[PDB]
Structures are given as C-alpha cells and as structure tokens.
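A.B. asks: Sequence and experimental coordinates follow.
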Amino acid sequence: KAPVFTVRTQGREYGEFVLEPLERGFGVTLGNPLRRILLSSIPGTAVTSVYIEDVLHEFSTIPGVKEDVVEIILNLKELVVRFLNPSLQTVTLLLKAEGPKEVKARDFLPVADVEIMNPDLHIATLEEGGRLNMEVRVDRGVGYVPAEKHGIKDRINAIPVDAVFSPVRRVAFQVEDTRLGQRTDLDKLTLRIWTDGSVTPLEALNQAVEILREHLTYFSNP
Amino acid sequence: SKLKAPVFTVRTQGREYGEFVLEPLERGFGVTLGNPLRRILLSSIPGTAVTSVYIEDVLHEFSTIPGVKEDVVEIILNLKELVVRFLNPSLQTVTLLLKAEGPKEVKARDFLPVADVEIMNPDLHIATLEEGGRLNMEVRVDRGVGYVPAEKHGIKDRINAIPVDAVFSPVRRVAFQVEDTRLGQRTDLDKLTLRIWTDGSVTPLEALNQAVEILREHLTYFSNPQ
Amino acid sequence: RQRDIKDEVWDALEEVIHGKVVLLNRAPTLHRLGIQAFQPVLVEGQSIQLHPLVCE
Amino acid sequence: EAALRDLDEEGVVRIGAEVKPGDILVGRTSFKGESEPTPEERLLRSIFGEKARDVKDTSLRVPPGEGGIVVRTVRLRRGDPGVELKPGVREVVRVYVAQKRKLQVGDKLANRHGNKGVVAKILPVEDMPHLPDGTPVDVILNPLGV
Amino acid sequence: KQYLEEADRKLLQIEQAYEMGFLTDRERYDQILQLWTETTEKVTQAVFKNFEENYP
Amino acid sequence: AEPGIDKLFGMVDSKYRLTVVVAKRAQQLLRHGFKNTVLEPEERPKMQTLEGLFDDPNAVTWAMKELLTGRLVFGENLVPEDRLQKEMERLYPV
Amino acid sequence: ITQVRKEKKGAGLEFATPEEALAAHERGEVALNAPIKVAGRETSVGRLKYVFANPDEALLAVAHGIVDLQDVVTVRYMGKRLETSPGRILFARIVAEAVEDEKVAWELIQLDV
Amino acid sequence: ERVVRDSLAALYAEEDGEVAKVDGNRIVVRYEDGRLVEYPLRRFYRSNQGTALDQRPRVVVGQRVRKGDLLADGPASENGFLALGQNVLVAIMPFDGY
Amino acid sequence: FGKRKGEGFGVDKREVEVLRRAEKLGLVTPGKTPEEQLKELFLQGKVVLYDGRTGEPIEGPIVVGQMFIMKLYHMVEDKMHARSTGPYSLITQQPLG
Ligand SMILES: [Mg+2]
C-alpha cells in the first residue's frame, strides 16, 4: 500500500518526518539522496565578503574593539538573511557605529526586500573611541563554498568569507525495521532536518524532493 | 549559474546490456541519482521465473529418473536458469510442456512452443538422456518481483508438483561510473554512466525506466503530511 | 498443528508479552550477570539476538 | 479428514507428502487402560450420547521444529516372509523424512584457519559492499577476528 | 634484520667465552636466553615505533 | 532503562523495598481490575495494537508509573491486612 | 573519528605572517596538518585556513569534502575557540545529545585525546 | 584428491574401458576383458548424523576411461577433489556491528 | 582494470577520493597515475569498495578475495527449543531434560 507520511515540527527551525511502511531497502534508498540534496542543493543566502575600514587582513586586530577580525567574520557567518525579491542575486549591507555600544544585527542599515531573521545576533562590542565601519556582501547560492574557493573582492582589503549558503544546518536519517501483518522486513524512515529559519524544514524537504523528481525527468530524450 | 537539464545518451547491445549516460550533472548528483537506481534495479524490477515443476513418475525433489543422468535436484537447479519472456503484458502465468526421450541431451529448445512466449536461452542444458531415458514434465513459469523461496509460495499445480525457488528479477548486474566533467567555465561536475545487465526478458532501458518510475512514484509519498 | 496457526495469534502474542521481560542465561554462570533480564522483541528466525554491550 | 488426508489405506503417510510439526506420520491406536470415566465424563457422555471409544490415538506425529518431504516408508509386520521382530511386536513402521536446508541466521560457518562464526545477518544484494564494476561480495568478515 | 645480525655476533662472543671455559654450560645457556629476551623486546619497540611514526 | 528508575530508587531505603511495593501494587491493580488506579485518563499507560491505542495490560508498568506520581503511600504497619482487603473490595468489587 | 592527522611535509617551519603560511601551503610546500610555527606560536596550516563559526559549519564542510574528520581545524564551540578535529567535535556532540545535558557533557569528555 | 579416494565415497574405474550406460541410479562399464560391470550408485542415503550420502555420475555414455578414472562423485567431492564447502567472495571489514 | 579502460571508462571520482586517503596511509606512492596506484593496492590485495546503501566508497581500500568457507554441522534448526509444561520425571517429578 501507500505509506503514511507524518510531520512533527518545532517552530521554523526543526522537523522530523516519518514515512512508513516501505518495501525492504527503500528507507535508505530514499533517505540518502534526500540527505545529499538537502545539504548540497537547497537555495539559501550567505556572507561572501567583508570590508572593515582600517583592517588590512583577516588576522589583524581592531583597536577599540574587543573581538578580533576573525571573531567578527565568524559572527557574520551566523547572520541569517532572507531575500524577499525572487530576482535579487546579491546585496551589500553597511554598518557604521562607534563608542560604547554592543553592535547587534539590527544595526545594519535596512535594505528593501531583505529580511534579517536574527536581529539580536551579536556582532561586536565597541569601547570608548572604538569605531566600526564595515560593508558585508550577501549572495544567493547553494551548499558550502570556502573563502579561498570563491575569492570575491569588491575592493582591495575586502576579506573573502567561507560562504555558508545552506539554510539546512544538519540532516540525520535513521531507518528501522517495521512490520505490516506477516511481513516484518519493511522499512520505517525517520528523517531529521535542522534549518536556520529562513527556509522551513518542511519547505526544505519539499524542495529536496522536487529537485530529485526533476532529475528523474532527465532520462527522457536521447 | 544554475545547471540545466543534461544530455541523455543511450548505448545498447542487443537486449542483454546497456550504458546510460547523463551529463553534465551538479557535483555529487552522480551517486545521488546513480545509487537509488542501482538499488531499485537490483530489487524491484518485475520479471519471470519457474515457480513449480511436475515430472511424471516423480513424487518429490529427492527422486531420480531411470535413463536420466541428472537427479531431480540438479534438474530443478537447471530450470532456475530458464529465462522466459512474455510478449503479452496481460499474461501472468504459463505452463511449459516438455517430452523428450532417447539418447539426446535435452535443452530449453525442446519446450513445446507457446504463443507470445519466447525462451531467451534455448541452449541451456536441462537433462542428459540415455537409451530408454524418458523425461516428460510440466514447468510453471510466473511473473513476479524479487526472490520468493519455494517455502513462501508453495505453488503446486498438481499433487506431485515440486515448488521451485523463484528468482524473478531480470537484472543480472548494475554498476555505475561517476567521472569528472566541466561546462568549461565550471569544474567538478559529475558525468553519470549507468551500466545495466539483464537476462533479456526485459531490456536494460526498460529496466531503467521502471526503476525511474518506482523512485518517482515513491517521491509522491511525501505529499500528504500529518 | 503448525499449519492451523493463523496471523492473529502472532498479534495476540505481541499483546501478551507487552512490557514483560525474559531472563537470558549463558553457561557457565560465573557471576550474577550470567543471567540478565531483557524485554523481548519477537523476530522471525530461530536465533536469539543478544545486545553487543552485554556480551562481555 | 483434514488430519488424515495424506495417510494411505493402512495408515502410513504417503511418499512425497509434505509433513509439518503436529502432522501424523504413522497412525496408531492403543487400547485404553481400564479406567472408570469420572462422573464429569459420565455426564458429558450422557449429554452428547456418544459411546467412549475403546481405543486411544497413539499415532506417531512430527515433533516440534521437524518435518520435510516423506521419501521412504518401511513397514514390517509379523507373519510375513523373512521378518521376525522382538517378542510382542506385531509390526514396525519407519518413515524417512527429507529436508533441503537453506543457510539461515544462527547457522555456523568456518574456514580452515580456525575462523568460525555464526550467520547473524542476511542482507539483500543491494546493501552488500560491491566492486566498481558492480559485483557484490558474498561474505563480510570482521578484521577484528584476525 | 639489524637486531638479528647484532644478536648473532653477540651469540658468537658467548660461544667463544664458553669454549675458553670462562662460563659454564649453565651460565652460557642463561646468557643466551637473556640476549634473546632483550633482542625480542627491542624488535617489539621497533614494530610499534615504525607504526607510530610512519603508519599511525 | 525503566523510565524514572533513578527517582524510584530515590524513594526507598533499600532497592528491594521498591520491588516489594511495585509487586504488591500490581497485584492490587490486577485483583481490582485497574479501577483502583491513581492515574488520570491521560496518564494511563497505553499500548499500540493494530486497532489503535489501548490500555497497557501490564500491571507492573502501571504500578511504577503510579509510584512516580506521588499518590501512593507505602510503609510498614500502615493498616491491618484484613481491613485493607475488605476496604478495597468495598470500594472496588470483583 | 577522534584520531588526528600528523603529516611530515611542513616539518616545523617558522612563519612570520599566517598568510605566508597559507601561501606556502597553497604552493604545496607544507601539508595541512604538518606542525608549524607561525609568529611565535606553533600551529598548523589547517587551524589558520579553516576557522568554523559553530559545529554545524565544520560538519557541513566535512559533508562537502573540504576537510576530513581527522583534520585539525579551528572550531568555535560553547564560547571558546578550539583547536581540534571535526571528529572530536562530533564525538562531543554525540555525548551531548545522548545525555541531553550539554554543559555536563562538555565536562565529562576528554576532548584533546 | 587422495582423501576422497581413501574415503571410499567416490567411485573409480577398475580397469581401462568404455562407459556403456550412465544413469542417476547406475553406471555400466565395459572393460578390456570384455566383461560388463555395473556400478549401482548410493542415492540420498542417510548417514549416522543424518547428512545425505549420495553419489553422482561424473562420466557420460561412450566415454573412454582409464584405470582409476573417476566414475561418480561421492558426497562432498567435486570431480574427485574433497569439497567441504564453497568458494565465496569475502570482504574483510566491519559492517554496522553485524 | 585494463578491460575497463578499453570499454571507454576512466577512473571514478570516488576511486580518486579513496586513492587520496590511501596515499595518506602510505599504501600508494605519491605522484603515480590513478591506474598505477590502484595496481599498487591490488598487489596488497586491497580494492576500492562501494557501500551499496549510499554509493559512496568505503573510506579506505579493502581486502577482498575468494575464501573457502564451510557450513558446519551445528545448525539452529536442530538447536532451537522451548517448553511451557511437559513431561516430568518418575521419582523427582521434575521436568525431563
Ligand atoms: Mg579561512
């Protein structure tokens, strides 16, 4: 028969998806491709490049700022940005602040059709006379591209950042034996998806399944 | 920068073998596509197999026939290699008849011809007969999926019928190659090649299509949440 | 008669054993961990399945 | 009649029959030891109006876990040519039951070097580790045994 | 190969010191066993150092 | 591991006294047909059949869950045995 | 998964600037995990190149084959900047999720071994 | 090979000759002497331990055999060689704790 | 292998990955061609092996070959046994063995 599909969601960041019963072997036959896709192919956004005014390179330290440049770049990797305009392929975010203030995400200058999902995200703490002037480059992409691999520079002194595009943070799947009547060898698929909230776990799965179906159509025309 | 539907190449030798290329594909999709199809091809492809045998004057599998060199155990083991193609898709079962005698080596050729039914390996040896050796049997061939041992199905058309282990799957071997490729701007693309071997009752291309349809129909199951 | 046994009795047996445990013993029983209790999971097949961690 | 289906006229299971646990191999009756039926049986017999038979069912049956195909039967009576039994024995029946045994979980394998183990899992061919050219392996042996 | 070639020359020295009557049959036997004990130990450490350094 | 076993061992001076309390309570539940239970309809241990959720038949599972609630009182010389047996049969016949 | 690589190509060279080291590693003169001294400290190329915001990022990089689980790398976990393998992070996460106490988990594990 | 021959499970030709008849149940051999020798084969007999001892004809009608040539394989022999098992393709590797 | 190269297939991507970890293991000599390294492993009796569940390789080359294995006389069919109640002994009235 046709498997029953079961959803358990927590907010926008987590979901568990159970498909049972399946014929023997099909749990891993479905689970592995979906996991590969869910990690590699799900469209998302990432910080690809950063300019900080008086900072020459990635390991420099900023006078008047507690965090070093490395730590600021790290915090930027954690920024979750959602593009509302389907055609928008990239954006530059600007931040300038100084004096005694803890700079959060909200402080970034609002840009049209760009939603900052986690505005309370810490970026840096600034002391008296500390000055933070920076531009961050946010691109649309999929998967994970290391900084040294994309090598994007808007200008000199722009520092390329390992680009974490994937809205999917983790995928775990477990297949376990199950029985319908007399047949005990059937499969039960439990799929666990963690996203950053821009794409929902249920959304991501549907996107993953869609990609695979489309790829199945590629066996049509010789 | 988003990749687009790949060219799909097909290289077939007869009905036994085929090579199926898909390129270019996004990095990592070689195994993402290749593996579930390999898994589905080895398991879920419907086919045909001998499910039961009645040999005249033979009460059970452990018998032996005067004039015949092979014991019934070996005879049934030879019938497990019989490849029977059904031309009519509506036909789910056939009983083949064989009558042989004299100093002959009975092969699969000797089965009495049935309409819309083709024996893909007519040279397969069945029994060695000697002067006075008489082999008259009825083998029931069915359409099915996977591996169904005789203990599960227990199929007997008559009382002295011997149920046979049925290996239904037409697929003999599946391998897939993943090779490096480029669109000349972009690198680390995947070129996927599905090598598919069959017994000939179903075609590697036919096999691949059924495999794709099973996986496709399976992705359907994610539709109604709860 | 084994051929008279239908499929509802297997479901009934699952209900019967629900929450119950059995004792597994292996000789020689050298110390008290030679017997331990397990909640049984019914299986096809004639072998008892033992958890790796208790093998020592 | 369901129970007697595979027995011949004389009560011996027919050659070629499949026998499973509980099945009769050779039918036999024994005269009931003299006993007075309990008042419950007196009342039960009276309610249903059926005489309690003089004989009891002592038939030989397939033991738990055994069974197969009947390949031979030997029957030896008393007073037939060439055969004389031990005193008191009227007749002896032997039933030879054969089984084709496939390898299964719990069966023991070994090589000639002292590697021995019981089969714990039978995987479908698609789960088996395989060579690049598509060939699956047969057996997976743990290196920790070496 | 090094420890074995070294062990053989050591063994030769114990044979020369025997045939000259410096040590008894007992003492010679005891010295041979000791040499081989230490030579064994040496090759054990060599197996594991090569593993640790060159094939961890 | 049994759910809340560490807390159950917390409640007694000797692990063996927990076993006595669990065992006796389960006997009470069986004798009186579960209708003396201290659990509430949503706290009842459940068992998944082919039909659907049904009551867990197992009285030892029940008794441990009851104990964890806190609603059971256990000790020595709490009440004469006959008086306990008769009062339980008055409240929950058989 | 908790064993870390030790490579011989770098062989304890001194480097003034980390970008010099990455450049030298990029030239293929020094292995990723080879022990090295950049400025006064002795670190490895992998610790400079790959600096991960959180565990999930390190393991996503492993998933994409940027690094293996045995490569030593810089990962930010529970507020501190650590030099370990993604594998050791994975082990700590296994423990942490099993016991559903993340702080205690971190206390129990010996992570550096 | 020697183990099968001393075991007496396998069947061999007495002298040089030509095979007259081959059956599941029997093999008839015509020797140099002209005498026609018939070898019945033990088929599906039960051993003390209940394993099946059964002999299978390894020659065909009209085959020229020499003295000591194999006629039938006994149990656990393949073409006269001791066969206690199968040759299987093995991978040495842990697998998911099975 | 030589068969494959004539059939029009080159080294697999995953075969390269296994080769990478293998030269990290000191199994193959660095700088040789993919074919040369696969042959070096094959002389050590190891081959590249694919997990049938995933399609991804086993992270290291694995020893594969033909082994002679016997099925011994100890078979579960013979040994599996259970009893609820049954025969008891004459004097002791304890279950039989
Ligand atoms: Mg970096």
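C.D. replies: Received it, and whenever you're ready, just let me know what you need. Residues are numbered from 1 along each chain as shown, chains lettered A, B, ... in the order given.

A.B. asks: alpha carbons only for contacts and neighbour counts from here, please
C.D. replies: OK.

A.B. asks: Please, where are all the strands along chain C?
C.D. replies: C:22-25, C:35-38 (DSSP state E).

A.B. asks: how far does the longest helix along chain G sit from the chain's center?
C.D. replies: As assigned by DSSP state H, the longest helix anywhere in chain G is helix G:86-99. In terms of CA atoms, centre = their mean, to the nearest Å, the centre of helix G:86-99 is found 15 Å from the chain centre.

A.B. asks: ok, now which ones touch the residue in chain C positioned nearest to chain D?
C.D. replies: Taking CA to the nearest CA as the measure, the point where chain C comes nearest chain D is residue C:1, at 4.7 Å. The neighbourhood of residue C:1, defined by CA atoms under 8 Å, 6 or more residues apart in numbering or on different chains, consists of D:20, D:21, D:22, D:23.

A.B. asks: of the strands of chain C, which approaches chain I most closely?
C.D. replies: strand C:22-25 (12.9 Å).

A.B. asks: where does the closest one sit relative to the chain's centre, distance-wise?
C.D. replies: Distance of strand C:22-25 from the chain centroid (CA atoms, centre = their mean) equals 8 Å.

A.B. asks: sec struct for the spatially most central residue of chain F, please.
C.D. replies: Nearest to the mean C-alpha position of chain F, counting by CA atoms, centre = their mean, stands residue F:63 at 2.6 Å. Three-state assignment for residue F:63 (DSSP: H, G, I helix; E, B strand; the rest coil): helix.

A.B. asks: right, and it touches residue F:27 too?
C.D. replies: No - at 9.2 Å, residue F:63 does not count as touching residue F:27 under the criterion of CA atoms under 8 Å.

A.B. asks: related to what we said a few turns ago, what comes up buried for the longest helix of chain G?
C.D. replies: G:86, G:87, G:88, G:89, G:90, G:92, G:95, G:96 (16 or more other CA atoms under 10 Å in any protein chain shown).

A.B. asks: what's the answer for stretch G:62-70, then?
C.D. replies: Neighbour-count burial for stretch G:62-70, with 16+ other CA under 10 Å as criterion, is recorded at G:62, G:63, G:64, G:67, G:68, G:69, G:70.

A.B. asks: ok and the helix or strand hosting the first one relative to helix G:86-99, angle-wise?
C.D. replies: Secondary structure assigned from DSSP states H and E places residue G:62 in helix G:55-63. The directions of helix G:55-63 and helix G:86-99 differ by 130 degrees, with axes from the mean of the first three to the mean of the last three CA atoms, to 10 degrees as the criterion.

A.B. asks: so residue A:124 bridges to which residues?
C.D. replies: residue A:103 (DSSP bridges).

A.B. asks: and it, how many neighbours?
C.D. replies: Neighbour count of residue A:124, defined by other CA atoms under 10 Å in any protein chain shown: 20.

A.B. asks: quick one: the strands in chain F?
C.D. replies: F:46-48, F:53-55.

A.B. asks: The first one pairs with which strands, and in what direction?
C.D. replies: When pairing is defined by DSSP bridges, strand F:46-48 lines up against strand F:53-55 (antiparallel).

A.B. asks: Identify each buried residue in the strand it pairs with, please.
C.D. replies: Of the residues in strand F:53-55, none is buried (16+ other CA under 10 Å).

A.B. asks: Now do the contacts for the residue of chain F found nearest chain H.
C.D. replies: Of all residues in chain F, residue F:1 sits closest to chain H, at 21.8 Å by CA to the nearest CA. Applying CA under 8 Å, 6+ apart to residue F:1 gives no contacts.

A.B. asks: can you pull the contacts of residue I:1?
C.D. replies: Per CA under 8 Å, 6+ apart, neighbours of residue I:1: none.

A.B. asks: oh sorry, the question was meant for residue D:120
C.D. replies: Here residue D:120 is in contact with D:105, D:106, H:98 (criterion: CA under 8 Å, 6+ apart).

A.B. asks: All the strands of chain I, residue numbers only.
C.D. replies: Counting by DSSP E, the strands of chain I are I:46-47, I:62-71.

A.B. asks: most neighbours per residue, which of the ones you listed?
C.D. replies: A comparison of the strands of chain I by mean neighbour count, using mean count of other CA atoms under 10 Å in any protein chain shown, puts strand I:46-47 on top with a mean of 22.

A.B. asks: Give the pairing partners of that strand; include direction for each.
C.D. replies: strand I:62-71 (antiparallel).

A.B. asks: quick one: the helices in the chain?
C.D. replies: You didn't pick a chain, so chain A it is. So, for chain A - with DSSP H - the helices run A:26-40, A:69-77, A:147-150, A:201-216.

A.B. asks: That was the other one, I meant chain I.
C.D. replies: Under DSSP H, chain I gives helices at I:2-6, I:13-24, I:34-42, I:76-79.

A.B. asks: residue in chain G nearest to chain I?
C.D. replies: Closest point on chain G to chain I, by CA to the nearest CA, is residue G:7, at 8.7 Å.

A.B. asks: and that residue, how many residues sit next to it?
C.D. replies: 15.

A.B. asks: Also residue A:49?
C.D. replies: Close neighbours of residue A:49, defined as other CA under 10 Å, add up to 26.

A.B. asks: Let me see the contact set for it.
C.D. replies: Contacts of residue A:49 by CA under 8 Å, 6+ apart are A:136, A:137, A:138, A:152, A:153, A:154, A:158, A:159, A:160, A:161.

A.B. asks: among those residues, who's most crowded?
C.D. replies: Of all the contacts of residue A:49, residue A:161 has the most neighbours under the rule other CA under 10 Å, reaching 27 neighbours.

A.B. asks: excluding its backbone neighbours, what's nearest residue 22?
C.D. replies: With no chain named, the answer covers chain A. residue A:187 (4.8 Å; CA to CA, 6 or more residues apart in numbering or on different chains).

A.B. asks: That was the other one, I meant chain G.
C.D. replies: Computed as CA to CA, 6+ apart, the closest residue to residue G:22 that is not its neighbour in sequence is residue G:45, at 6.4 Å.

A.B. asks: quick one: contacts for the one you found?
C.D. replies: G:21, G:22, G:25, G:30, G:31, G:32, G:33, G:34, G:36.

A.B. asks: got the end-to-end distance for stretch H:67-83?
C.D. replies: Stretch H:67-83 has an end-to-end distance of 23 Å (CA to CA, to the nearest Å).

A.B. asks: Stretch A:142-155 and chain B, are they touching?
C.D. replies: No - Stretch A:142-155 does not reach chain B (CA under 8 Å from any CA of the partner chain); its nearest approach is 9.7 Å.

A.B. asks: Correction: the previous question concerned stretch A:25-36.
C.D. replies: Yes - for stretch A:25-36, a contact with chain B is found by CA under 8 Å from any CA, at A:25, A:29, A:30, A:32, A:33, A:36.

A.B. asks: Name the nearest of the residues you listed relative to the ion.
C.D. replies: residue A:36 (24.3 Å; CA to the ion).

A.B. asks: Chain neighbours aside, what residue packs nearest to the residue of chain A found nearest the ion?
C.D. replies: At 5.9 Å from the ion, residue A:147 is the closest residue in chain A, using CA to the ion. Leaving out its chain neighbours, the residue that sits closest to residue A:147 by CA to CA, 6+ apart is residue A:162, at 4.0 Å.
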